[PDB]
């Protein structure tokens, strides 16, 4: 049964019409009719049974049935600060991170991110990433949709007041996952760009009480370095081991 996100708060026995991307996916790509099985959610951590009543071109109209809490969220809070990159790697990172239960995401600027975006082009990028978050939530069964926060400068993100651990990875780190002081329930995870963080930036994260960690003795691919780290955290402090 297909999972659909609904950008407006859902209620038990209403009729509704799907947002445009949902109607396109269901009726225009999937050519489904009534046709009835759909499962819907809206970010409330609830999930609704629903029936395709009617369907058309541009248009798909359904009715929603019984609703219920279905919590696929990890009890660990992981806030990923991912330094932006010009390619198509940010998109894959968002998608996969969400599948691994990442709680919240802030795209970052740093000295070597190589991204130089105008206000509007960055707003557009952020909307697209929010759509990626939504689609990945449909796929992996999450019923909360993590926010893609507005982009931030590196240091400003580092400076944010927030309880919990602040981690960054470094091949010369003074800790590993297993030597981190317990318990761990909130983590801000900083992932830098391919060109890396500069010595000034490193020094600055230290001023902000970041703990840097080793992630094994092998060299990790940039592309996937976030995923690996998130997976480790989820396994050790989150639900991947439960």
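Numbering follows the first chain given and starts at 1.
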**Request:** With reference to the PDB entry, specify whether the mean Cα temperature factor is higher for 152-160 or for 112-120.
**Result:** 112-120
**Prompt:** On average, are the C-alpha B-factors higher in 22-30 or in 170-178?
**Reply:** 22-30
**Request:** Select one of 47, 50, 190, 204: the residue whose C-alpha shows the highest B-factor in the crystal structure entry.
**Result:** 50
**Request:** Going by the recorded CA B-factors, say which third of the chain residue 75 sits in, lowest, middle or highest.
**Result:** middle
**Request:** Could you tell me which third, lowest, middle or highest, the C-alpha B-factor of residue 35 occupies within its chain?
**Result:** highest
**Prompt:** If you rank every modelled residue in this chain by C-alpha B factor, which third holds residue 10: lowest, middle or highest?
**Reply:** highest
**Message:** Quick check for you: using the entry's CA B-factors within this chain, is residue 240 in the lowest, middle or highest third?
**Reply:** lowest
**Request:** Determine, from the deposited record, the chain-internal third of the Cα B-factor for residue 66: lowest, middle or highest.
**Result:** highest
